[PDB]
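Peer 1: The structure's right below; bear with me while I get my questions together.
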Amino acid sequence: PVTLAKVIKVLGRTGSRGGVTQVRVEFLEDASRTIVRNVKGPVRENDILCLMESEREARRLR
Amino acid sequence: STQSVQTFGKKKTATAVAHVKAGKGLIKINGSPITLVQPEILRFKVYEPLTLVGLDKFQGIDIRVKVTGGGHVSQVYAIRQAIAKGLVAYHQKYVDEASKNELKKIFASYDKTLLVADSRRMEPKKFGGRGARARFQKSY
Amino acid sequence: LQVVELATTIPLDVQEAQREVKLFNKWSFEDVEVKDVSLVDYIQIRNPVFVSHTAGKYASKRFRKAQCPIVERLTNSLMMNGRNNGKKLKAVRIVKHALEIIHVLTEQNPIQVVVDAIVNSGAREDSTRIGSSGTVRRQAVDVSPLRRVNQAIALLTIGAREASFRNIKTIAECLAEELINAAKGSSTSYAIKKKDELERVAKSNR
Amino acid sequence: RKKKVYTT
Amino acid sequence: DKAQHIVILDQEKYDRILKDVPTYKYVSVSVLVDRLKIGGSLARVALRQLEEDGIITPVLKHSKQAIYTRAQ
Amino acid sequence: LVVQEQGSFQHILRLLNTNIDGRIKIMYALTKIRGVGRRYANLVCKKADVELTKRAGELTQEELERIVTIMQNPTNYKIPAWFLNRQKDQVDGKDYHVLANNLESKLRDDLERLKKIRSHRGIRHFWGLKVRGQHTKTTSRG
Amino acid sequence: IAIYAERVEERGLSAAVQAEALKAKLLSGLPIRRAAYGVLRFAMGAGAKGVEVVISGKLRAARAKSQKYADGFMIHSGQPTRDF
Amino acid sequence: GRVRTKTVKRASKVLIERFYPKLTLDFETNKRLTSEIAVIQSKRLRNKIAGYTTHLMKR
Amino acid sequence: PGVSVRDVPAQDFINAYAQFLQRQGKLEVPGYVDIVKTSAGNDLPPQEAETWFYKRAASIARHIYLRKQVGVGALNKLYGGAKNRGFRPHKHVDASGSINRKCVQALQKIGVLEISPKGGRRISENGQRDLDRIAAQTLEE
Amino acid sequence: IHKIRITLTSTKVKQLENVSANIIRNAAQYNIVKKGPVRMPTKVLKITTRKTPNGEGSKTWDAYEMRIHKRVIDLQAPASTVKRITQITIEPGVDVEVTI
RNA sequence: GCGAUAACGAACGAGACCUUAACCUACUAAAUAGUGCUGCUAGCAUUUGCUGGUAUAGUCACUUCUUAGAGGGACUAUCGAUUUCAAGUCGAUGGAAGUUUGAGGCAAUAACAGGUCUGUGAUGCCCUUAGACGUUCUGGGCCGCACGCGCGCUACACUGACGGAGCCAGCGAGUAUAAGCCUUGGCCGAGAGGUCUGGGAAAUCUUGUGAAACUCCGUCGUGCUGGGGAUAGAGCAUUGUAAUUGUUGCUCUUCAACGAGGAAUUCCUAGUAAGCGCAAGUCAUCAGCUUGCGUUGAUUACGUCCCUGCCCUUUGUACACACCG
């Protein structure tokens with residue numbers, strides 16, 4: 001039940017310490033439903049990082 | 001004299017001077033055969049410049065290297081660099097340039113340190129600490 | 001394939017290395033493939049090397065670590081806990097013996113088992129902290145492929161170290177047992193317990 | 001800081 | 001304080017060794033200690049004799065690590 | 001080569017009124033014997049011709065008595081004087097090597113012999129302080 | 001050994017001569033403002049690119065103070081300070 | 001960073017305004033021209049001003 | 001081809017010259033070999049009591065073969081190591097002078113060495129002869 | 001003919017190289033065979049003191065240096081010629097030693 | 001710096017600058033550096049080969065390595081992206097070097113009741129000045145021990161201990177009629193050390209400072225064990241006019257806590273951290289200390305202002321000796 005989502009744009013650094021990044025993902029199969037999600041490690045564009053759950057957006061962290 | 005080229009390879013401080021003369025397939029380390037270079041587990045680092053192109057390239061050349069300075073590992077990298085550079089300088093000077101550019105192509109595509117000495121050197125120590133960047137533990 | 005006779009005799013196996021570059025002139029990279037699309041670009045096994053000791057410059061730029069061989073990253077991560085810093089020749093010796101033991105045990109490709117254990121050991125969702133100046137707070141965030149790989153290597157070497165600490169069992173075969181078990185997905189192994197506990201807390205934090 | 005007192 | 005590894009080799013243990021070590025995928029000093037309850041030194045001498053007796057083939061030779069296998 | 005035995009092993013040995021574990025190698029079992037360090041036990045074993053590849057219980061009674069004989073008569077077995085524990089003794093001036101009970105006996109006699117003359121070292125022994133000049137400002141906290 | 005005595009060509013450009021003259025004036029009772037501006041102007045009259053005079057100590061007051069008397073253009077950091 | 005300073009930026013723009021026809025897009029030709037035009041006490045400052053005037057000529 | 005000392009691994013060349021020199025038996029062994037420590041930095045005598053002197057003489061002979069007029073102070077420095085000072089840091093300490101001087105003297109009266117000009121001790125005309133012999137009977141297996 | 005060695009020492013290299021080149025020039029135009037100059041490895045006399053005269057403050061250190069440069073030139077010429085060369089190219093900064 | 005702009009054009013500081021490291025088969029030379037040849041010479045196979053030794057006259061050659069002076073070389077160079085298309089940033093390509101190319105030295109306008117009169121034949125004033133607070137001689141103290149704290153070194157083992165064997169640096173220092181320097185070598189001695197000669201005022205000799213980690217082969221086998229080496233007993237030498245309240249070194253013996261460390265807290269972005277030693281300073285002796293140097297050599301960001309420190313703007317002031325108001 002995992003969905004794979006290629007990242008297409010690195011939005012910017014979020015989180016209190018700046019250790020997590022907002023990113024815009026695109027699914028490898030069914031190339032639509034582009035989502036903004038947060039990722040912990042360093043990220044370039046064209047990363048195939050996989051998502052355990054897909055139906056959740058992300059917003060700014062306090 | 002004869003077809004002789006003399007080169008050197010370098011690591012941090014180690015420098016190995018390679019003499020490449022026309023002769024038989026003689027490959028010696030400080031007057032000793034290459035089959036017993038130490039450490040044993042890193043013998044394939046110096047085996048890389050030989051087996052990558054093929055030993056047939058060494059029919060016409062004999063190599064005698066002199067490695068001094070540095071440490072054990074830095075000397076291993078200095079010898080393998082001296083071997084690779086001596087072979088390259090001989091090809092550049094006494095054989096067609098097609099072979100010299102092929103050798104340089106395989107060498108660069110495999111390991112940059114085979115021909116170009118690494119420029120990293122030890123940072124000097126600065127006062128106020130036991131190392132270059134390390135500082136004495138501070139207390140309040 | 002022909003044996004080339006030199007005045008300085010060259011052993012048969014290393015002269016056999018002219019055909020193919022193999023790890024320790026024994027293990028081939030040709031038939032090894034990563035069973036995960038997401039870590040192909042960050043586990044570098046495409047360029048074979050003879051010995052896991054290259055002394056390259058992989059700390060200059062940001063993503064230079066992805067170009068160093070994954071086995072060399074493992075032997076780099078092995079030399080930890082103070083007393084082992086700088087003992088790289090010891091780390092390469094231990095790794096070389098670990099691959100031989102992983103081959104002799106279960107009869108598989110040693111680097112296939114290492115690659116399987118690394119793709120299988122990295123947590124896919126980690127719960128980052130969003131604590132407001134001291135208070136306990138956790139938020140589930142995704143983990144980049146690079147951090148998944150190098151956290152897999154961190155947990156694999158930590159587990160082998162702790163299984164080999166104050167134990168007659170040698171480090172090479174503690175590493176061999178941890179890598180084989182994580183390769184086959186056994187929950188008994190460390191770095192698989194850690195991965196499961198990480199993804200469990202991340203499921204219990206989103 | 002001290003007053004030298006003699007004995008002899 | 002649970003090790004209590006055997007340091008004296010009797011005949012019952014000797015033939016238990018010759019009956020059990022062959023049915024192993026991989027034997028070594030630590031494997032012998034772990035499962036045969038013999039000491040490390042006895043494991044090393046057991047390996048050095050079992051190789052002379054042909055039961056065991058040396059996969060790899062090293063002072064700190066001895067990787068051995070069955071010869072059958 | 002590996003050899004086997006039955007019923008000859010002795011789990012506990014008794015030398016100089018001290019119980020010795022029979023499955024320890026001879027050099028370090030004698031190092032268990034007080035007054036016998038590793039350096040001394042290797043030499044008493046080489047003078048007694050007991051090859052070090054034998055366990056303590058492997059050793060026979062004849063060898064154990066030959067060892068206690070050498071330890072009790074060191075000068076008689078070509079053991080150099082400078083290698084001994086108690087050389088140039090205070091009272092009789094001869095070279096000695098003290099053993100299990102004699103070591104603490106003559107050590108005691110040395111403590112009282114300094115305290116009777118009320119030497120500074122004997123005084124500090126009486127007080128329980130360090131005698132070799134060590135600082136006690138910050139480490140004498142036991 | 002042979003000793004020869006040569007007059008310094010540019011007294012205004014020699015800080016040693018200017019310092020000895022200032023000392024002989026302060027010890028002769030000349031006011032600090034007049035002496036400092038007398039060397040600021042002697043240096044500029046001699047052609048100095050810049051000049052700065054600092055006088056520190058205690059002067060007719062229990063508390064001590066320092067006064068700087070700068071002039072013209074002055075550099076502070078690097079080799080040219082070792083050169084010019 | 002590689003941020004050019006005022007002393008090199010203004011010097012390069014003065015070169016652009018004072019020797020425009022003689023300048024070209026080649027760094028080495030620009031460098032030699034600046035050496036034979038302006039007095040620079042160090043080759044490092046010389047190369048730096050040559051690079052900035054090269055970028056200006058590019059623009 | 002002419003086999004030399006440089007063409008053979010050091011560990012089994014020394015084990016082979018030591019084995020030959022022991023079976024030949026003419027090397028004189030001093031009477032204190034079972035008592036003494038090799039270095040002041042060591043804490044125990046060598047574990048190979050019967051053969052360590054022979055092996056060390058073989059190592060000294062090979063080392064002098066590959067080098068030129070090495071002295072005995074340099075041989076002490078060569079075989080010396082880090083001392084296990086209790087709480088103080090490690091330090092390099094030389095090997096025993098008497099042991100090294102006796103070893104080199106034994107090789108000098110067995111015929112492998114002689115006093116070389118401008119110091120040191122060269123290898124003999126036959127010292128090279130018999131080292132090259134051991135090397136040949138070393139590498140046939 | 002006379003085998004004569006000239007040793008050049010100074011702290012600053014400009015005058016040392018000026019004297020060295022001037023002597024080589026005169027030993028060139030005079031048909032005197034010469035060997036040199038040989039640049040001996042310079043010795044860096046380094047002294048690292050504490051800046052603070054007392055013992056208060058951050059532990060900051062100066063690192064003073066004194067480079068000593070040595071050149072040797074071998075000449076085959078009569079002693080009168082070499083000595084008058086020394087007096088032609090005598091310099092306060094550079095010291096000269098003559099050895100047979 | 002771009003840009004916006006009642007501002008325009010400038011100065012100090014930053015940056016530039018200087019020293020050092022990395023490149024030079026491109027010049028200039030080098031018996032205080034190396035090499036190839038050549039004499040003479042040795043061993044093994046005899047193939048003419050492979051390793052050596054020797055040559056301050058073979059009165060050879062050369063400068064790749066070694067040394068050092070004049071220079072050259074990088075300026076973000078070229079090409080892709082983003083950007084106000086600007087300053088810039090991120091990727092590649094070439095390169096020895098593309099993090100200010102790495103590291104340092106110097107470093108503004110004012111100031112602090114910051115530290116030193118225990119560095120000064122630097123100082124004002126006060127005190128003492130012959131039974132001296134001057135100077136010198138003798139012995140003790142600065143080490144003193146119910147305790148709290150800081151900078152560290154060894155360790156808690158097997159990625160290890162011992163035992164043999166392999167065997168690689170760089171920074172430096174070194175004397176004379178002294179008052180004793182670095183010391184090769186030979187001969188004694190288990191060691192420490194002793195004795196006799198010689199070299200070096202030094203790219204020449206110590207010195208290839210043959211350093212330690214490191215690698216190989218063996219014993220040990222999870223045990224407060226062969227981990228650890230305090231504490232303590234006896235002895236042997238060195239330094240010093242004098243070692244006791246141990247200078248240090250060496251031999252035997254004694255076999256302690258410590259089995260990875262609470263609350264808290266330090267340093268750290270590349271040849272860096274961490275290990276590992278070596279030299280110089282103090283120095284008759286003593287380095288668990290600093291100042292440097294080199295061996296092995298990483299993990300993880302390459303981001304943020306969440307904590308902590310500092311700076312700026314707005315703002316409030318009954319402060320200006322400026323909140324110690």
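The chains in the structure tokens are called A, B, ... from first to last as shown; in each chain the residues are counted from 1, and the ligands are counted from 1 in the order shown.
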Hey, which bits of chain C sit within 12 Å of chain I, and for each residue what's the closest pair of atoms and how far apart in Å (one decimal), counting only C-alpha atoms, rows by chain and increasing number, as JSON lines?
Peer 2:
{"residue": "C:7", "atom": "CA", "partner": "I:1", "partner_atom": "CA", "distance": 8.7}
{"residue": "C:8", "atom": "CA", "partner": "I:7", "partner_atom": "CA", "distance": 9.8}
{"residue": "C:9", "atom": "CA", "partner": "I:7", "partner_atom": "CA", "distance": 10.6}
Peer 1: Let's have the selection written as a PDB file, in the first residue's frame, with C-alpha atoms.
Peer 2:
ATOM      1  CA  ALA C   7      60.467 -11.591 -16.026  1.00  0.00           C
ATOM      2  CA  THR C   8      58.926 -10.643 -12.660  1.00  0.00           C
ATOM      3  CA  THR C   9      56.407 -13.448 -12.114  1.00  0.00           C
TER       4      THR C   9
END
Peer 1: Could you pull out all residues of chain F with a DSSP call of strand (DSSP E) and give them as an MDAnalysis selection string?
Peer 2: chainID F and resid 12:15 18:21
Peer 1: So that I have them on file, write out the residues from the current selection with N, CA and C atoms, as a compact mmCIF listing (two decimals), in the first residue's frame.
Peer 2:
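Generated output (part.txt):
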# COMPACT_ATOMS: atom_id res chain seq x y z
N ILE F 12 41.53 -29.13 41.62
CA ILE F 12 42.09 -28.23 42.63
C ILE F 12 43.43 -28.80 43.09
N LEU F 13 44.47 -27.97 43.00
CA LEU F 13 45.80 -28.27 43.51
C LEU F 13 46.01 -27.49 44.80
N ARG F 14 46.91 -28.00 45.65
CA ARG F 14 47.26 -27.32 46.89
C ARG F 14 48.77 -27.21 47.01
N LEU F 15 49.28 -26.00 46.77
CA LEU F 15 50.70 -25.69 46.83
C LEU F 15 50.87 -24.53 47.80
N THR F 18 47.78 -23.03 49.45
CA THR F 18 46.92 -22.23 48.59
C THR F 18 46.25 -23.14 47.57
N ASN F 19 44.95 -22.96 47.38
CA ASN F 19 44.21 -23.77 46.42
C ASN F 19 44.39 -23.21 45.01
N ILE F 20 44.83 -24.08 44.09
CA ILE F 20 45.15 -23.71 42.72
C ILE F 20 44.19 -24.42 41.78
N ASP F 21 43.55 -23.66 40.90
CA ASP F 21 42.66 -24.24 39.90
C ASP F 21 43.45 -25.06 38.89
Peer 1: May I have all residues of chain H that DSSP, computed from the backbone, assigns to helix (DSSP H, G or I), given as number ranges by chain?
Peer 2: H: 6-18, 27-37, 43-58
Peer 1: Would you mind reading off the distance between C1' of residue 211 in chain K and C1' of residue 278 in chain K, one decimal, in Å?
Peer 2: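 Taking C1' of residue 211 in chain K and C1' of residue 278 in chain K, their separation equals 5.9 Å.
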Peer 1: Quick check: residues of chain I within 7 Å of chain K, only C-alpha atoms (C1' of nucleotides), returned as a PyMOL selection string.
Peer 2: chain I and resi 1-4+10-11+36-37+40+46-47+52+78+82+86-88+92+96+98+119+125+128-129+132
Peer 1: Next, dump the selected residues to file, keeping only C-alpha atoms, as a PDB file, in the first residue's frame.
Peer 2:
ATOM      1  CA  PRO I   1      67.043 -16.376 -12.830  1.00  0.00           C
ATOM      2  CA  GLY I   2      69.126 -15.602  -9.755  1.00  0.00           C
ATOM      3  CA  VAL I   3      67.160 -15.785  -6.514  1.00  0.00           C
ATOM      4  CA  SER I   4      68.105 -13.169  -3.900  1.00  0.00           C
ATOM      5  CA  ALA I  10      60.671 -11.908   5.108  1.00  0.00           C
ATOM      6  CA  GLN I  11      58.632 -14.010   7.527  1.00  0.00           C
ATOM      7  CA  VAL I  36      66.464 -12.499  29.840  1.00  0.00           C
ATOM      8  CA  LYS I  37      63.982 -10.136  28.227  1.00  0.00           C
ATOM      9  CA  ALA I  40      63.484  -3.221  28.717  1.00  0.00           C
ATOM     10  CA  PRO I  46      60.008 -14.560  24.195  1.00  0.00           C
ATOM     11  CA  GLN I  47      57.451 -17.352  23.989  1.00  0.00           C
ATOM     12  CA  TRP I  52      64.003 -16.950  19.252  1.00  0.00           C
ATOM     13  CA  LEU I  78      64.982  -1.262  15.068  1.00  0.00           C
ATOM     14  CA  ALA I  82      56.573   1.138  22.768  1.00  0.00           C
ATOM     15  CA  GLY I  86      51.581   2.413  33.569  1.00  0.00           C
ATOM     16  CA  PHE I  87      49.734   5.725  33.513  1.00  0.00           C
ATOM     17  CA  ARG I  88      52.256   7.779  31.520  1.00  0.00           C
ATOM     18  CA  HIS I  92      60.158   3.923  22.479  1.00  0.00           C
ATOM     19  CA  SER I  96      68.936  -5.393  25.012  1.00  0.00           C
ATOM     20  CA  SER I  98      74.104  -7.609  25.387  1.00  0.00           C
ATOM     21  CA  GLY I 119      81.970   1.304  10.814  1.00  0.00           C
ATOM     22  CA  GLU I 125      81.388 -13.209   0.726  1.00  0.00           C
ATOM     23  CA  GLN I 128      75.581 -13.752   0.709  1.00  0.00           C
ATOM     24  CA  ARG I 129      76.401 -17.224  -0.652  1.00  0.00           C
ATOM     25  CA  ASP I 132      71.071 -16.989  -1.560  1.00  0.00           C
TER      26      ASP I 132
END
Peer 1: List the spatial neighbours of range 15-26 of chain C as a ChimeraX atom specification - criterion: any atom at most 8 Å away, only C-alpha atoms (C1' of nucleotides), same-chain residues fewer than 3 positions off excluded.
Peer 2: /B:44,51-54 /C:1,3-4,10-12,29,48-52,96
Peer 1: Excluding same-chain residues fewer than 6 positions from range 41-48 of chain H, what lies within 10 Å of it counting only C-alpha atoms (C1' of nucleotides), as a PyMOL selection string?
Peer 2: (chain H and resi 4-5+7-9+12+27-28+30-32+34-35+54) or (chain K and resi 16-17+74-75)
Peer 1: Extract, using only C-alpha atoms (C1' of nucleotides), all DNA, RNA and protein residues at most 8 Å from range 26-43 of chain G, discarding same-chain residues fewer than 5 positions from it, and format them as a PyMOL selection string.
Peer 2: chain G and resi 12-13+18+48+51-53+69-71
Peer 1: Can I get the selection written as a PDB file, in the first residue's frame, with N, CA and C atoms?
Peer 2:
ATOM      1  N   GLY G  12      60.886  66.134  10.304  1.00  0.00           N
ATOM      2  CA  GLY G  12      59.450  65.980  10.425  1.00  0.00           C
ATOM      3  C   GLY G  12      58.999  64.571  10.110  1.00  0.00           C
ATOM      4  N   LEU G  13      59.766  63.859   9.287  1.00  0.00           N
ATOM      5  CA  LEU G  13      59.422  62.506   8.885  1.00  0.00           C
ATOM      6  C   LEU G  13      60.042  61.474   9.808  1.00  0.00           C
ATOM      7  N   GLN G  18      60.886  63.710  16.461  1.00  0.00           N
ATOM      8  CA  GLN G  18      59.680  64.396  16.905  1.00  0.00           C
ATOM      9  C   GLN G  18      59.310  63.993  18.326  1.00  0.00           C
ATOM     10  N   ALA G  48      54.500  64.878   5.585  1.00  0.00           N
ATOM     11  CA  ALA G  48      54.018  63.548   5.937  1.00  0.00           C
ATOM     12  C   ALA G  48      52.648  63.284   5.327  1.00  0.00           C
ATOM     13  N   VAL G  51      49.807  61.624  10.235  1.00  0.00           N
ATOM     14  CA  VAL G  51      50.481  61.661  11.525  1.00  0.00           C
ATOM     15  C   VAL G  51      49.432  61.559  12.620  1.00  0.00           C
ATOM     16  N   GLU G  52      49.774  60.838  13.684  1.00  0.00           N
ATOM     17  CA  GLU G  52      48.882  60.648  14.819  1.00  0.00           C
ATOM     18  C   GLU G  52      49.715  60.660  16.090  1.00  0.00           C
ATOM     19  N   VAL G  53      49.311  61.476  17.058  1.00  0.00           N
ATOM     20  CA  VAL G  53      50.020  61.613  18.324  1.00  0.00           C
ATOM     21  C   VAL G  53      49.068  61.230  19.445  1.00  0.00           C
ATOM     22  N   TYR G  69      45.884  62.787  18.957  1.00  0.00           N
ATOM     23  CA  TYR G  69      45.934  63.973  18.102  1.00  0.00           C
ATOM     24  C   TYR G  69      46.271  63.503  16.690  1.00  0.00           C
ATOM     25  N   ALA G  70      45.242  63.187  15.911  1.00  0.00           N
ATOM     26  CA  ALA G  70      45.452  62.649  14.580  1.00  0.00           C
ATOM     27  C   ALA G  70      45.559  63.784  13.569  1.00  0.00           C
ATOM     28  N   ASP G  71      45.911  63.423  12.335  1.00  0.00           N
ATOM     29  CA  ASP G  71      45.999  64.392  11.251  1.00  0.00           C
ATOM     30  C   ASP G  71      46.144  63.649   9.932  1.00  0.00           C
TER      31      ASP G  71
END
Peer 1: Any idea what the distance is between CA of residue 34 in chain E and CA of residue 84 in chain C?
Peer 2: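 Between these atoms lies a distance of 26.0 Å.
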Peer 1: I'd like the neighbourhood of range 74-84 of chain B as JSON, numbers by chain, where a residue qualifies if any of its atoms comes within 9 Å (using only C-alpha atoms (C1' of nucleotides)), though same-chain residues fewer than 6 positions away should be ignored.
Peer 2: {"B": [7, 8, 9, 10, 11, 12, 13, 14, 15, 16, 17, 18, 19, 20, 29, 37, 38, 39, 42, 43, 45, 46, 47, 48, 49, 50, 63, 64, 65, 66, 67, 68, 107, 113, 114, 115, 116, 117], "K": [168]}
Peer 1: Selected residues, C-alpha atoms (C1' of nucleotides), written as a PDB file, in the first residue's frame, please.
Peer 2:
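And here is the file that came out, out23.pdb:
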ATOM      1  CA  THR B   7      59.071  10.102 -13.287  1.00  0.00           C
ATOM      2  CA  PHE B   8      57.733  10.372  -9.737  1.00  0.00           C
ATOM      3  CA  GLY B   9      54.449   9.881  -7.921  1.00  0.00           C
ATOM      4  CA  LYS B  10      53.288  11.588  -4.752  1.00  0.00           C
ATOM      5  CA  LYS B  11      50.905  11.210  -1.845  1.00  0.00           C
ATOM      6  CA  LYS B  12      50.812  13.350   1.326  1.00  0.00           C
ATOM      7  CA  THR B  13      54.592  13.296   1.827  1.00  0.00           C
ATOM      8  CA  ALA B  14      55.665  10.041   0.166  1.00  0.00           C
ATOM      9  CA  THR B  15      57.436  10.327  -3.188  1.00  0.00           C
ATOM     10  CA  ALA B  16      58.323   7.377  -5.428  1.00  0.00           C
ATOM     11  CA  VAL B  17      60.738   7.979  -8.313  1.00  0.00           C
ATOM     12  CA  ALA B  18      60.175   5.568 -11.208  1.00  0.00           C
ATOM     13  CA  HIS B  19      62.776   4.826 -13.887  1.00  0.00           C
ATOM     14  CA  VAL B  20      61.375   3.248 -17.062  1.00  0.00           C
ATOM     15  CA  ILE B  29      59.980  -2.082  -5.775  1.00  0.00           C
ATOM     16  CA  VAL B  37      54.666  -5.278  -1.525  1.00  0.00           C
ATOM     17  CA  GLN B  38      53.371  -4.533   1.974  1.00  0.00           C
ATOM     18  CA  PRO B  39      50.766  -4.297   3.398  1.00  0.00           C
ATOM     19  CA  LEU B  42      46.505  -3.420  -0.163  1.00  0.00           C
ATOM     20  CA  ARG B  43      48.615  -5.210  -2.781  1.00  0.00           C
ATOM     21  CA  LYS B  45      46.039  -1.050  -5.231  1.00  0.00           C
ATOM     22  CA  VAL B  46      49.413  -1.361  -6.951  1.00  0.00           C
ATOM     23  CA  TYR B  47      48.076  -4.296  -8.947  1.00  0.00           C
ATOM     24  CA  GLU B  48      45.469  -1.977 -10.490  1.00  0.00           C
ATOM     25  CA  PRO B  49      47.837  -0.096 -12.885  1.00  0.00           C
ATOM     26  CA  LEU B  50      49.232  -3.435 -14.125  1.00  0.00           C
ATOM     27  CA  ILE B  63      60.504  -0.350 -14.037  1.00  0.00           C
ATOM     28  CA  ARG B  64      62.648   0.409 -10.984  1.00  0.00           C
ATOM     29  CA  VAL B  65      61.083   2.671  -8.350  1.00  0.00           C
ATOM     30  CA  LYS B  66      62.518   4.387  -5.270  1.00  0.00           C
ATOM     31  CA  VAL B  67      59.884   5.389  -2.690  1.00  0.00           C
ATOM     32  CA  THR B  68      60.825   7.564   0.291  1.00  0.00           C
ATOM     33  CA  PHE B 107      43.520   5.636 -15.913  1.00  0.00           C
ATOM     34  CA  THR B 113      44.919   9.393  -7.837  1.00  0.00           C
ATOM     35  CA  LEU B 114      46.731   7.093 -10.281  1.00  0.00           C
ATOM     36  CA  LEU B 115      48.201  10.033 -12.214  1.00  0.00           C
ATOM     37  CA  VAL B 116      47.569  13.258 -10.252  1.00  0.00           C
ATOM     38  CA  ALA B 117      49.076  13.550  -6.787  1.00  0.00           C
TER      39      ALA B 117
ATOM     40  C1'   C K 168      57.474   3.735   6.702  1.00  0.00           C
TER      41        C K 168
END
Peer 1: Could you list, as a VMD selection string, every residue within 12 Å of residue 2 in chain E, counting only C-alpha atoms (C1' of nucleotides) and ignoring same-chain residues fewer than 5 positions away?
Peer 2: (chain E and resid 37) or (chain K and resid 222 to 223)
Peer 1: Determine which residues of chain B sit within 10 Å of chain J, taking into account only C-alpha atoms, and present them as a list in words.
Peer 2: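 That gives residues 126, 127, 128 and 129 of chain B for chain B.
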Peer 1: Those residues you just picked out, can you put them in a file as a PDB file, in the first residue's frame with C-alpha atoms?
Peer 2:
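Saved file out_1.pdb follows:
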ATOM      1  CA  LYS B 126      47.356  26.673  16.039  1.00  0.00           C
ATOM      2  CA  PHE B 127      47.954  27.647  19.648  1.00  0.00           C
ATOM      3  CA  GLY B 128      45.098  27.380  22.111  1.00  0.00           C
ATOM      4  CA  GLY B 129      44.398  23.756  21.211  1.00  0.00           C
TER       5      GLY B 129
END
Peer 1: Rounded to one decimal, what separation in Å do you get between CA of residue 128 in chain F and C1' of residue 253 in chain K?
Peer 2: 21.0 Å
Peer 1: Based on only C-alpha atoms, which of the residues in chain F come within 9 Å of chain I? I want them as an MDAnalysis selection string.
Peer 2: chainID F and resid 38:39 42:43 46:47 79:80 83
Peer 1: For the residues selected in the previous step, produce a file with N, CA and C atoms as a CSV table (one decimal), in the first residue's frame.
Peer 2:
chain,number,residue,atom,x,y,z
F,38,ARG,N,54.3,-13.7,36.7
F,38,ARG,CA,54.4,-14.4,35.4
F,38,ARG,C,55.8,-14.6,35.0
F,39,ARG,N,56.6,-13.5,35.3
F,39,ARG,CA,58.1,-13.6,34.9
F,39,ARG,C,58.8,-14.7,35.7
F,42,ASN,N,57.4,-18.4,34.7
F,42,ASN,CA,57.9,-18.9,33.4
F,42,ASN,C,59.3,-19.6,33.6
F,43,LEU,N,60.1,-19.0,34.5
F,43,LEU,CA,61.5,-19.4,34.7
F,43,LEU,C,61.5,-20.6,35.6
F,46,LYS,N,60.7,-23.4,33.4
F,46,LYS,CA,61.8,-23.8,32.5
F,46,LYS,C,63.0,-24.5,33.2
F,47,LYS,N,63.2,-24.1,34.5
F,47,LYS,CA,64.2,-24.8,35.3
F,47,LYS,C,63.7,-26.1,35.8
F,79,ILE,N,69.4,-19.8,39.2
F,79,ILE,CA,68.6,-18.6,39.1
F,79,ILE,C,69.3,-17.4,39.6
F,80,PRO,N,69.5,-16.3,38.8
F,80,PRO,CA,70.4,-15.2,39.1
F,80,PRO,C,69.9,-14.5,40.4
F,83,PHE,N,67.4,-11.6,40.0
F,83,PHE,CA,66.0,-11.9,39.6
F,83,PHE,C,65.1,-12.2,40.8
